[PDB]
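Engineer: What follows is a structure written as structure tokens; I'll ask about it next.
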Amino acid sequence: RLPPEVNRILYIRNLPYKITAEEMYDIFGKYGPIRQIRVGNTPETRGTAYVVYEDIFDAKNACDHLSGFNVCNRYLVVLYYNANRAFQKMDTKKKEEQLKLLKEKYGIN
Amino acid sequence: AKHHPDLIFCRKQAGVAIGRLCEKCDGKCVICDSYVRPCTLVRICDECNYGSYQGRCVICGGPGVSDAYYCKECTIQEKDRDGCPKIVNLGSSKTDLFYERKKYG
Amino acid sequence: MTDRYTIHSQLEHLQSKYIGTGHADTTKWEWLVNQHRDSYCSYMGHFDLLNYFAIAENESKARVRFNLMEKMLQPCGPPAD
Amino acid sequence: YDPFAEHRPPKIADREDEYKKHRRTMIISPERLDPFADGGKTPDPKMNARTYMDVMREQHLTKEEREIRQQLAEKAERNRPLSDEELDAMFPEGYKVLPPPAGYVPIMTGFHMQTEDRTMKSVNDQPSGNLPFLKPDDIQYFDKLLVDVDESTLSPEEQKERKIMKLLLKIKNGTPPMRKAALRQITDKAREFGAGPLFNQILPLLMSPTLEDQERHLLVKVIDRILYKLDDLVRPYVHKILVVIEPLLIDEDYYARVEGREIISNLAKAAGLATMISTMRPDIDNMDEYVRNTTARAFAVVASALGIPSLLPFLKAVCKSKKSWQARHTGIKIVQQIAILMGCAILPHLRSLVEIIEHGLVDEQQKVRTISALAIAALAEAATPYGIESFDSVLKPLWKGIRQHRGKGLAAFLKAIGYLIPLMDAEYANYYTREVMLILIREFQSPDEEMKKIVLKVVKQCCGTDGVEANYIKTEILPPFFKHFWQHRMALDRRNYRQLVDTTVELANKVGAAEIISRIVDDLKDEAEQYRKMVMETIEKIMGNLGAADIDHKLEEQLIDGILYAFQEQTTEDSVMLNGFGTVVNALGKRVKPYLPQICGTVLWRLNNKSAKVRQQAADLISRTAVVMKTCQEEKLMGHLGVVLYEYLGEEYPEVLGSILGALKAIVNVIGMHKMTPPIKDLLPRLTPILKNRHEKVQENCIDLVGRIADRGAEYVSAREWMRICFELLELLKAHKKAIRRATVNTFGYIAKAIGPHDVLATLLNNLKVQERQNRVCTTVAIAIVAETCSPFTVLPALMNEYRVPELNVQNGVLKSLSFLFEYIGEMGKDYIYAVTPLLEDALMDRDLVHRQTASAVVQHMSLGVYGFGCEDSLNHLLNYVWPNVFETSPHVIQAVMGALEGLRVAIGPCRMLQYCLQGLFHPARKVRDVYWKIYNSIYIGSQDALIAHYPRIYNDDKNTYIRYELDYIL
Amino acid sequence: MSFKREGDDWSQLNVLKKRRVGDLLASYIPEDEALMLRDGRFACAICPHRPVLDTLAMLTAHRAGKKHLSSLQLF
Amino acid sequence: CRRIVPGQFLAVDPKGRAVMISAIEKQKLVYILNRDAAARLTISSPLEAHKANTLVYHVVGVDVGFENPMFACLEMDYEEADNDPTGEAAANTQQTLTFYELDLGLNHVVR
Amino acid sequence: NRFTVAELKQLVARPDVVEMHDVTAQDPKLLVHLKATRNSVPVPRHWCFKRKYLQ
RNA sequence: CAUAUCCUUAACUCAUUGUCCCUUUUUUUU
Ligand SMILES: [Zn+2]
Ligand SMILES: [Zn+2]
Ligand SMILES: [Zn+2]
Ligand SMILES: [Zn+2]
């Protein structure tokens, strides 16, 4: 009962500058536990954020109710983030040793 | 056509197939696109009348209703000797028209 | 720049199709080798140019045609590079 | 719920099923390396660009990781946990994580008065400047345009990418002026931007979940415009383009499918075989069947572009590979797709292709056996009627499978054998047809959709050969065929409809028209519309091919009654009942004469019922059956009809009025103008206010009627009437349909034959002051039309006088109509070349470039007319004026000049044209040189043989000899 | 259509409009300032390089511009 | 009398099933000749055998019995010779005899 | 590496045709040979002008 | 350089139906 474009990651516009880390986590942590928060440093990106939820349904709910919230006298614009690209190589050696340790652990193959 | 720079002719070795023209294209020259003075009959290469395509329009590709000719001026300049004159790509103009009407309609 | 490169691809397309079209960077050697070879073919084709050459040299026509075919390989000497 | 849902254009994501959604899972990969870059140099270490072996390691590693999770599932996605260092792969570098605090642990209001705030006014949602509306779901693609920043502050890379971002916004959302300018500028500055910065912003836009198909179309238009630019700089981006374009090869929309093909073939020509082969190698054995499907589709396209011998070794290597059957399946699917795409082209390689596929018919994996049979069927269809000797190798496993297998293998094997039967000669064809006929009799029962689609086709293919007997067909094929296939559910699918009508026509060739038509005639009265439509088509084609000599008198009442019933009971508004009616009654010929009272009464009655569609169809039926009443010699009745349709002229529905006019057009043709009732005196002044009607169907059918009266019947109207009707025709030139415009131009010549060229010509010359170009171009053509039909000495003086009018469009207009005039009169134009030579040399000296391009068009057409007639002094004089325009750069003017020179080559000879080029072929500037070289090539192509006598003498240098010594021979 | 006029020819009306705009704007341009070319275009005779402009609307809009004003005061 | 347009050499199959016309260099065309049921001559579309940079001295049709028609040629390739500044490649390039077979089953001409 | 105008003018059979820029040619000997051949017409003079033709 | 606008050119066009069937351990029963 969800559309395919729903994501754990939220993109946030109209965020008042130099808001605290605590206030951020308190605002977004109501809907669920939070995997990670990234806040834009560079001045072109400054004032916007990405929030990753540990749960997909909480992120769904935070989009559904979070939008248009009033923080620091401004409306909050929330969207899903479309993770459409990858920025680094997937480091085959680490993934290889990780899979070797799992397969060694449970005698799979 | 002469009006579309991005269209491209087949130009393979023409054969015994006669090229045809749909009602919209009836009476015009395949190369220079004129309405007057028809001189020679158009022959198309084997691949271009393969199968279902046998008998479609040379210039656009619709159901063909009459034979295609070269005009006199294309004969004198020997433009009738360059190859199969079937147009092998739709081009930008045809595609744009489709998406525009489909957007509206 | 890109227009230079599109002109370049178009002209090498032509040159493959009709042997002996030039472009902006045809050297002297290339142009003259083309017109030598075209001349030889033309001589072979026309019957009376070939008669004239077979009379002016006292040769038979088969010898004349065979020598012209031998000259088609390097008609103007070796390539100038 | 939105109420606007009716109004918005739909998305691509809505029509997609579960299978298609897989293209939204794919993400853009990281940077890939180009091996050929810088002459294949030694790769620089620590570049972090993926090579081929990195890609294959990642692919193998994810296959293994899913095997692991599938194993660990049985013991005990977006939901899955996300590691801290891999997450960093999901975000751009601009942002820094926050540390979680410690206090975070994971797990009415009354009346108040307000304070003034300015802050809500300050925030903006749209970019500043002349930028289009930014939709809310595009924000994360164009967010950098929202914040405002001085250009000088940021780096050249960041200003370059901001520039690209603005251009892309104008291409997506702009008005057509913005869209045109931005498109042009991203094409011209493409190489300067570089292939990198374009694609890493174009490709995220095509991955978006909210595209409409016109926006997708505009984006892929951007991609194939820049693909001509950076022809060799797209190699690191080949695979990234494919996963964003390969979905278009299976798009349900035909033009999307074609433009996906054209951009993959251009991408193949830009990257070359080796890059394409290396890039697509991984996708052959991929774990998803979506990627494998579309890669197999795309290799077919790459083989069309580069040619089959190029990738035939690679393809053989991929079909033999015995580690994975997915790769074998995919290779055989590529061969099938090549045969579907290439058609006739595959024949020179047929024995190379079959030998790749032969080992698949006997494979242990059943999907592979099925695809090998389907690939054989594709190849045998493409090779018709050649290659029977190439397919001798697979006739044995195919046969063995048909006798042996039962079930789902049988459909594919039976299809393959049905296509191989027409390839083979009569002695073996008569063998194979009999046993496969016995299989098809058994399979008529089968309630399985693929088996029905197969056995209709195979019935047709075995019915072509002569080894079947007509008695055998009507005794044993025909009753179960009409019991199992002529059903209502067969008629609903279009492929089944079409196959069914083809096969029944082919049966009628062998058996006879009466035997087929008598089994289906009573279903012209069936009350399912689509069914009746199918039955109508079959009868139509049978009586079109075989005629009606076989149809006795008892069946023709069935037939006439059935087509009248079907005609009266239509709703779907298409031509099938109309074409069917015409074909049947023309086939019947004079036998239909007793039925004409019934038909006339029916049509006459339905011409006035309440439905516009019914009246329209009735007038269409008159236009089809007008000829039958001439052959049936019943001109009195058709004469009466003409009198009746004349009162229906006052119709207010334009569709009905156009059909009334079409019907009238047919009656005038069949009976003639001089016996026409109501007389042409009554009909033409009725028609002149019908000209005003702006509907295209009305205008089209009325102009033809008016123009035909204008020549064959001009004494039925006064000269003032032809003059005012002539004036009215100037509004017909604003029509959108081109046929209306060329019928209108013709009518001007016919009228000028009656009221004389001067009254007509003054009107046409006055019309050149109009601003819009479509009016003026057509007026120009009509001036030439009259000039040709009433000889050019009549309209010349006034047209040449109009060149002195101080208005630009009039002067371009006179030049344009001279261009058409010389094209039309041809050889007869040697009489007026001296007259118009000074006019053209005035135009070729002109400051306006257009004045020069139209004068060059006049020179081209005048040049070819006087070929062989000794007018070379005028033409050589005009060459002296045409030739300095070779350094123009505008393309329209540049191609008019080249056309003029190609016309002049055939009129004043190759020698003059070479004498013009000679000095600039080796000129120091590339500008003068390439223009000069592309004139030389045109002379060379057109007249390569004549130039042997005309080349100059080049002297020998030190080591090369350049004198042609043979010509120097003296006798 | 004689007794009471019917319809209107919008193409010829647009031709008339171009003439009336021309007459209006031309009456504010002195005869030395503008030179009318052979094809109906107009050149500015003040400015030393004689730019040529397609309509009188463009000539008036040119004469507003700053390049013309600077070139004007020298003459 | 162009250099690449065929017409210079003309060879017929000794049984009468095909005819082959070729230019001095890089352009050959085979026509398949047949008889219809009213004993009239019928012609097909041309099958082409093109080989770039290649001179033809003579072309004759080979008398294979009723097998696939063969045509023999006195070819020469000038491609290498135009890329040797020393002029050796002109000296030691050699004429070849090549046989073209018209594969009547697959409707194409193979060298 | 390239000729000056004086050596070029003496090396032509006919030195009246040589111009300032002919030495900049990639094959200057053939260029001045072709400029001095009979009945050939010279390159239009405005190829080097900055102002557009007839403007 | 970077932005609108005006004028003009090309007998420039007025939507389309053309196997996308590809997909699930999936297979019409004596
Ligand atoms: Zn057409
Ligand atoms: Zn033509
Ligand atoms: Zn073709
Ligand atoms: Zn001024």
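Naming scheme: A, B, ... for chains in displayed order of the structure tokens; residues 1 onward per chain; ligands 1 onward as shown.
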What residues in chain H have any atom no more than 10 Å from chain B when counting only C-alpha atoms (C1' of nucleotides), and can you write them as a list in words?
Structural biologist: residues 10, 11, 12, 13, 14, 15 and 16 of chain H
Engineer: Quick one: residues within 7 Å of residue 32 (chain E), only C-alpha atoms (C1' of nucleotides), excluding same-chain residues fewer than 2 positions away - as a list in words?
Structural biologist: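 Counting only the stated atoms, we get residues 30, 34 and 45 of chain E.
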Engineer: Kindly export the residues of the current selection with N, CA, C and O atoms, as a CSV table (one decimal), in the first residue's frame.
Structural biologist:
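Below is the file that was written, selection09.csv:
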chain,number,residue,atom,x,y,z
E,30,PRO,N,12.7,63.9,-39.0
E,30,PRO,CA,13.0,64.9,-40.0
E,30,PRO,C,13.7,64.3,-41.2
E,30,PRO,O,14.3,63.2,-41.1
E,34,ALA,N,16.7,60.2,-41.9
E,34,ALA,CA,16.4,58.9,-42.3
E,34,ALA,C,16.5,58.8,-43.8
E,34,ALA,O,16.0,59.6,-44.5
E,45,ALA,N,20.8,58.3,-40.9
E,45,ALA,CA,21.8,59.1,-41.5
E,45,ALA,C,22.6,59.9,-40.5
E,45,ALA,O,23.6,60.5,-40.9
Engineer: Residues of region 15-74 of chain C classed as helix (DSSP H, G or I) by DSSP on the backbone are to be reported as a PyMOL selection string.
Structural biologist: chain C and resi 15-17+28-45+47-56+61-71
Engineer: Counting only C-alpha atoms (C1' of nucleotides) and all ligand atoms, name the residues that have an atom within 8 Å of an atom of ligand 2; the answer should be given as a ChimeraX atom specification.
Structural biologist: /B:29-34,70-75,79
Engineer: Counting only C-alpha atoms, a student should be able to say which residues of chain C come within 8 Å of chain D; what is the right answer, written as a VMD selection string?
Structural biologist: chain C and resid 2 18 21 to 24 32 35 to 36 38 to 39 42 52 to 53 55 to 56 76 to 78
Engineer: Take the residues just selected and output them with C-alpha atoms as an mmCIF file, in the first residue's frame.
Structural biologist:
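And here is the file that came out, result.cif:
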data_model
loop_
_atom_site.group_PDB
_atom_site.id
_atom_site.type_symbol
_atom_site.label_atom_id
_atom_site.label_comp_id
_atom_site.auth_asym_id
_atom_site.auth_seq_id
_atom_site.Cartn_x
_atom_site.Cartn_y
_atom_site.Cartn_z
ATOM 1 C CA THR C 2 33.207 20.526 -34.235
ATOM 2 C CA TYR C 18 33.988 8.077 -55.022
ATOM 3 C CA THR C 21 37.465 13.531 -54.220
ATOM 4 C CA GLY C 22 39.623 15.870 -52.242
ATOM 5 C CA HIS C 23 39.315 17.819 -49.068
ATOM 6 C CA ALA C 24 41.042 20.876 -47.682
ATOM 7 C CA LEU C 32 47.830 14.129 -59.318
ATOM 8 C CA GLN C 35 44.013 12.323 -62.167
ATOM 9 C CA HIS C 36 46.666 10.038 -63.616
ATOM 10 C CA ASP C 38 41.473 8.484 -64.084
ATOM 11 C CA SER C 39 43.287 9.355 -67.277
ATOM 12 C CA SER C 42 39.653 6.926 -69.758
ATOM 13 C CA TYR C 52 46.126 7.087 -81.412
ATOM 14 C CA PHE C 53 48.484 5.914 -78.730
ATOM 15 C CA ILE C 55 49.867 4.307 -83.664
ATOM 16 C CA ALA C 56 52.134 6.991 -82.247
ATOM 17 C CA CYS C 76 53.521 9.408 -60.340
ATOM 18 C CA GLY C 77 56.383 7.925 -58.400
ATOM 19 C CA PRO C 78 56.534 6.943 -54.775
#
Engineer: For residue 55 (chain G), please output as a count of residues only all residues within 12 Å (counting only C-alpha atoms (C1' of nucleotides); exclusion window: fewer than 2 positions along the same chain).
Structural biologist: 15
Engineer: For a test of reading the model, state the distance in Å between CA of residue 908 (chain D) and CA of residue 872 (chain D), rounded to one decimal.
Structural biologist: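 Separation between CA of residue 908 (chain D) and CA of residue 872 (chain D): 5.8 Å.
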Engineer: Could I get the residue neighbourhood of ligand 1 at 9 Å, counting only C-alpha atoms (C1' of nucleotides) and all ligand atoms, as a list in words?
Structural biologist: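 So the residues close to ligand 1 are residues 20, 21, 22, 23, 24, 25, 26, 56, 57, 58, 59, 60, 61, 62, 63, 64 and 65 of chain B.
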Engineer: For the residues selected in the previous step, produce a file with N, CA, C and O atoms as a PDB file, in the first residue's frame.
Structural biologist:
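Saved as selection19.pdb:
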ATOM      1  N   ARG B  20       7.089   3.481 -54.766  1.00  0.00           N
ATOM      2  CA  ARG B  20       5.751   4.020 -54.856  1.00  0.00           C
ATOM      3  C   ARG B  20       5.569   5.183 -53.908  1.00  0.00           C
ATOM      4  O   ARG B  20       6.400   5.440 -53.053  1.00  0.00           O
ATOM      5  N   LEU B  21       4.495   5.930 -54.131  1.00  0.00           N
ATOM      6  CA  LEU B  21       4.199   7.103 -53.330  1.00  0.00           C
ATOM      7  C   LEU B  21       2.763   7.116 -52.849  1.00  0.00           C
ATOM      8  O   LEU B  21       1.837   6.821 -53.599  1.00  0.00           O
ATOM      9  N   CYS B  22       2.597   7.459 -51.582  1.00  0.00           N
ATOM     10  CA  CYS B  22       1.293   7.559 -50.955  1.00  0.00           C
ATOM     11  C   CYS B  22       0.584   8.819 -51.432  1.00  0.00           C
ATOM     12  O   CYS B  22       1.216   9.766 -51.891  1.00  0.00           O
ATOM     13  N   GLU B  23      -0.740   8.833 -51.282  1.00  0.00           N
ATOM     14  CA  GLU B  23      -1.601   9.952 -51.691  1.00  0.00           C
ATOM     15  C   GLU B  23      -1.061  11.345 -51.358  1.00  0.00           C
ATOM     16  O   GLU B  23      -1.173  12.270 -52.156  1.00  0.00           O
ATOM     17  N   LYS B  24      -0.475  11.483 -50.177  1.00  0.00           N
ATOM     18  CA  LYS B  24       0.106  12.747 -49.753  1.00  0.00           C
ATOM     19  C   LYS B  24       1.276  13.149 -50.651  1.00  0.00           C
ATOM     20  O   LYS B  24       1.439  14.317 -50.995  1.00  0.00           O
ATOM     21  N   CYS B  25       2.089  12.165 -51.024  1.00  0.00           N
ATOM     22  CA  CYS B  25       3.273  12.383 -51.853  1.00  0.00           C
ATOM     23  C   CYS B  25       3.053  12.243 -53.349  1.00  0.00           C
ATOM     24  O   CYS B  25       3.987  12.414 -54.126  1.00  0.00           O
ATOM     25  N   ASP B  26       1.830  11.955 -53.766  1.00  0.00           N
ATOM     26  CA  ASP B  26       1.586  11.740 -55.181  1.00  0.00           C
ATOM     27  C   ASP B  26       1.954  12.946 -56.037  1.00  0.00           C
ATOM     28  O   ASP B  26       1.646  14.085 -55.698  1.00  0.00           O
ATOM     29  N   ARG B  56       5.277   0.324 -49.851  1.00  0.00           N
ATOM     30  CA  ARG B  56       5.000   1.513 -49.082  1.00  0.00           C
ATOM     31  C   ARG B  56       5.600   2.722 -49.770  1.00  0.00           C
ATOM     32  O   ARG B  56       6.272   2.606 -50.780  1.00  0.00           O
ATOM     33  N   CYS B  57       5.340   3.888 -49.205  1.00  0.00           N
ATOM     34  CA  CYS B  57       5.841   5.120 -49.773  1.00  0.00           C
ATOM     35  C   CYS B  57       7.349   5.234 -49.679  1.00  0.00           C
ATOM     36  O   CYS B  57       7.946   4.935 -48.648  1.00  0.00           O
ATOM     37  N   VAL B  58       7.972   5.772 -50.717  1.00  0.00           N
ATOM     38  CA  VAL B  58       9.413   5.963 -50.686  1.00  0.00           C
ATOM     39  C   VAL B  58       9.775   7.124 -49.751  1.00  0.00           C
ATOM     40  O   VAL B  58      10.544   6.956 -48.806  1.00  0.00           O
ATOM     41  N   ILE B  59       9.208   8.297 -50.026  1.00  0.00           N
ATOM     42  CA  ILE B  59       9.472   9.516 -49.253  1.00  0.00           C
ATOM     43  C   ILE B  59       9.054   9.578 -47.772  1.00  0.00           C
ATOM     44  O   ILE B  59       9.809  10.085 -46.942  1.00  0.00           O
ATOM     45  N   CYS B  60       7.869   9.071 -47.434  1.00  0.00           N
ATOM     46  CA  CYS B  60       7.389   9.139 -46.048  1.00  0.00           C
ATOM     47  C   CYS B  60       7.257   7.773 -45.368  1.00  0.00           C
ATOM     48  O   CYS B  60       7.606   7.600 -44.200  1.00  0.00           O
ATOM     49  N   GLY B  61       6.750   6.816 -46.130  1.00  0.00           N
ATOM     50  CA  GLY B  61       6.532   5.438 -45.712  1.00  0.00           C
ATOM     51  C   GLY B  61       5.107   4.918 -45.563  1.00  0.00           C
ATOM     52  O   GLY B  61       4.904   3.801 -45.095  1.00  0.00           O
ATOM     53  N   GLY B  62       4.125   5.718 -45.960  1.00  0.00           N
ATOM     54  CA  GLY B  62       2.717   5.338 -45.909  1.00  0.00           C
ATOM     55  C   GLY B  62       2.300   4.416 -47.052  1.00  0.00           C
ATOM     56  O   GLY B  62       3.090   4.157 -47.950  1.00  0.00           O
ATOM     57  N   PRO B  63       1.081   3.858 -46.991  1.00  0.00           N
ATOM     58  CA  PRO B  63       0.571   2.980 -48.057  1.00  0.00           C
ATOM     59  C   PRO B  63       0.723   3.660 -49.417  1.00  0.00           C
ATOM     60  O   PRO B  63       0.170   4.740 -49.611  1.00  0.00           O
ATOM     61  N   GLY B  64       1.442   3.039 -50.348  1.00  0.00           N
ATOM     62  CA  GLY B  64       1.697   3.664 -51.625  1.00  0.00           C
ATOM     63  C   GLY B  64       0.539   3.519 -52.579  1.00  0.00           C
ATOM     64  O   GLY B  64      -0.091   2.470 -52.637  1.00  0.00           O
ATOM     65  N   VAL B  65       0.245   4.587 -53.315  1.00  0.00           N
ATOM     66  CA  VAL B  65      -0.891   4.586 -54.222  1.00  0.00           C
ATOM     67  C   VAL B  65      -0.516   4.847 -55.666  1.00  0.00           C
ATOM     68  O   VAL B  65      -1.370   4.651 -56.542  1.00  0.00           O
TER      69      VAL B  65
END
Engineer: What's around residue 59 (chain F) at 9 Å? Count only C-alpha atoms (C1' of nucleotides), leave out sequence neighbours fewer than 3 positions away in its own chain, and write the answer as number ranges by chain.
Structural biologist: F: 9-11, 20-22, 56, 71-75
Engineer: Could you pull the residues within 10 Å of residue 943 (chain D), counting only C-alpha atoms (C1' of nucleotides), minus those fewer than 6 positions along the same chain, as a PyMOL selection string?
Structural biologist: (chain B and resi 77-78) or (chain D and resi 905-906+909-911+937) or (chain F and resi 2)
Engineer: Write out as an mmCIF file with N, CA, C and O atoms, in the first residue's frame which residues come within 10 Å of residue 8 (chain H) when counting only C-alpha atoms (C1' of nucleotides), dropping same-chain ones fewer than 6 positions away.
Structural biologist:
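In the end it all went to part_1.cif:
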data_model
loop_
_atom_site.group_PDB
_atom_site.id
_atom_site.type_symbol
_atom_site.label_atom_id
_atom_site.label_comp_id
_atom_site.auth_asym_id
_atom_site.auth_seq_id
_atom_site.Cartn_x
_atom_site.Cartn_y
_atom_site.Cartn_z
ATOM 1 N N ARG D 773 4.267 33.984 -44.818
ATOM 2 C CA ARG D 773 5.031 33.430 -45.923
ATOM 3 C C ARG D 773 4.249 32.385 -46.683
ATOM 4 O O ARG D 773 4.465 32.211 -47.871
ATOM 5 N N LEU D 808 10.191 44.765 -49.645
ATOM 6 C CA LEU D 808 11.134 43.657 -49.719
ATOM 7 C C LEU D 808 10.465 42.358 -50.115
ATOM 8 O O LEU D 808 11.002 41.590 -50.910
ATOM 9 N N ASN D 809 9.304 42.091 -49.559
ATOM 10 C CA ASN D 809 8.621 40.848 -49.830
ATOM 11 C C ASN D 809 8.122 40.774 -51.243
ATOM 12 O O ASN D 809 8.035 39.691 -51.800
ATOM 13 N N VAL D 850 18.970 37.246 -49.025
ATOM 14 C CA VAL D 850 17.834 36.509 -49.573
ATOM 15 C C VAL D 850 17.641 36.818 -51.057
ATOM 16 O O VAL D 850 17.311 35.932 -51.839
#
Engineer: Rank F:54, F:68, F:94, F:86 by their smallest atom-to-atom distance to residue 19 (chain C), using only C-alpha atoms, and report the top residue only.
Structural biologist: F:54
Engineer: Taking only C-alpha atoms (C1' of nucleotides) and all ligand atoms into account, list the residues no farther than 10 Å from ligand 4, as JSON, numbers by chain.
Structural biologist: {"E": [33, 34, 43, 44, 45, 46, 47, 48, 49, 50, 51, 52, 53, 59, 60, 61, 62, 63, 64, 65, 66, 67, 68, 69, 70, 71, 72]}
Engineer: When you draw a straight line from CA of residue 47 (chain D) to CA of residue 200 (chain D), how long is it in Å?
Structural biologist: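 Going from CA of residue 47 (chain D) over to CA of residue 200 (chain D) covers 18.6 Å.
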Engineer: Residues within 9 Å of residue 25 (chain F), please, as a list in words. Count only C-alpha atoms (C1' of nucleotides); anything in the same chain fewer than 6 positions from it doesn't count.
Structural biologist: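 The neighbour list is residues 3, 4, 5, 6, 50, 51, 52, 53, 54, 55, 56, 57 and 75 of chain F.
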Engineer: Hey, which residues come within 9 Å of ligand 3 if we count only C-alpha atoms (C1' of nucleotides) and all ligand atoms? Could you give them as an mmCIF file with C-alpha atoms, in the first residue's frame?
Structural biologist:
data_model
loop_
_atom_site.group_PDB
_atom_site.id
_atom_site.type_symbol
_atom_site.label_atom_id
_atom_site.label_comp_id
_atom_site.auth_asym_id
_atom_site.auth_seq_id
_atom_site.Cartn_x
_atom_site.Cartn_y
_atom_site.Cartn_z
ATOM 1 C CA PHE B 9 18.777 8.173 -48.212
ATOM 2 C CA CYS B 10 19.384 4.438 -48.394
ATOM 3 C CA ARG B 11 21.635 4.613 -51.460
ATOM 4 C CA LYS B 12 22.219 0.936 -51.885
ATOM 5 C CA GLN B 13 22.341 -0.682 -55.251
ATOM 6 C CA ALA B 14 18.852 -0.340 -56.652
ATOM 7 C CA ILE B 44 14.355 0.698 -54.881
ATOM 8 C CA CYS B 45 16.880 -1.730 -53.455
ATOM 9 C CA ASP B 46 15.890 -5.248 -52.324
ATOM 10 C CA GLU B 47 15.987 -4.622 -48.563
ATOM 11 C CA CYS B 48 13.694 -1.684 -48.857
ATOM 12 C CA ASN B 49 10.879 -3.729 -50.286
ATOM 13 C CA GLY B 83 21.176 4.666 -55.422
ATOM 14 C CA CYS B 84 18.046 3.695 -53.578
ATOM 15 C CA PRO B 85 16.265 6.897 -52.723
ATOM 16 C CA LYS B 86 14.249 5.465 -49.846
ATOM 17 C CA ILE B 87 14.466 7.646 -46.736
ATOM 18 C CA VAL B 88 15.755 5.537 -43.894
#
Engineer: Rank G:30, G:13, G:25, G:6 by their smallest atom-to-atom distance to residue 31 (chain C), using only C-alpha atoms, and report the top residue only.
Structural biologist: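 Using only C-alpha atoms, the shortest distance to residue 31 (chain C) belongs to G:30.
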Engineer: For chain D versus chain F, which residues have an atom no more than 8 Å away, and what is each residue's nearest atom pair and distance in Å rounded to one decimal, using only C-alpha atoms, chain-then-number order, as CSV?
Structural biologist:
residue,atom,partner,partner_atom,distance
D:347,CA,F:106,CA,6.2
D:348,CA,F:108,CA,6.1
D:350,CA,F:106,CA,7.8
D:386,CA,F:106,CA,5.6
D:387,CA,F:106,CA,5.4
D:388,CA,F:105,CA,7.5
D:389,CA,F:105,CA,7.0
D:944,CA,F:2,CA,6.5
D:945,CA,F:2,CA,5.5
Engineer: Those residues with N, CA, C and O atoms, as a short mmCIF file (atom, residue, chain, number, x, y, z; two decimals), in the first residue's frame please?
Structural biologist:
data_model
loop_
_atom_site.label_atom_id
_atom_site.label_comp_id
_atom_site.auth_asym_id
_atom_site.auth_seq_id
_atom_site.Cartn_x
_atom_site.Cartn_y
_atom_site.Cartn_z
N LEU D 347 20.97 -12.68 -45.08
CA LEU D 347 21.17 -13.81 -45.98
C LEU D 347 22.62 -14.15 -46.30
O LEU D 347 23.00 -15.32 -46.31
N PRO D 348 23.46 -13.13 -46.57
CA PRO D 348 24.86 -13.44 -46.85
C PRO D 348 25.59 -14.08 -45.67
O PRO D 348 26.73 -14.50 -45.83
N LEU D 350 23.80 -16.39 -43.53
CA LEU D 350 22.82 -17.32 -42.99
C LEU D 350 23.47 -18.59 -42.52
O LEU D 350 23.17 -19.08 -41.44
N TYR D 386 15.19 -18.18 -49.96
CA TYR D 386 16.52 -18.78 -50.11
C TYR D 386 16.98 -19.52 -48.86
O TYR D 386 16.32 -19.48 -47.82
N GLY D 387 18.13 -20.20 -48.96
CA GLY D 387 18.72 -20.91 -47.84
C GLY D 387 18.27 -22.31 -47.45
O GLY D 387 18.69 -22.80 -46.40
N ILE D 388 17.44 -22.96 -48.25
CA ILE D 388 16.98 -24.31 -47.90
C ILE D 388 18.14 -25.29 -47.65
O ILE D 388 18.03 -26.23 -46.87
N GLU D 389 19.26 -25.05 -48.34
CA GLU D 389 20.47 -25.83 -48.23
C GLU D 389 21.24 -25.48 -46.98
O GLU D 389 21.99 -26.30 -46.46
N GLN D 944 33.15 13.20 -63.99
CA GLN D 944 34.50 12.71 -63.76
C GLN D 944 35.24 12.38 -65.03
O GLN D 944 36.46 12.51 -65.10
N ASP D 945 34.50 11.97 -66.05
CA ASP D 945 35.14 11.55 -67.28
C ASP D 945 35.49 12.72 -68.16
O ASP D 945 36.51 12.70 -68.84
#
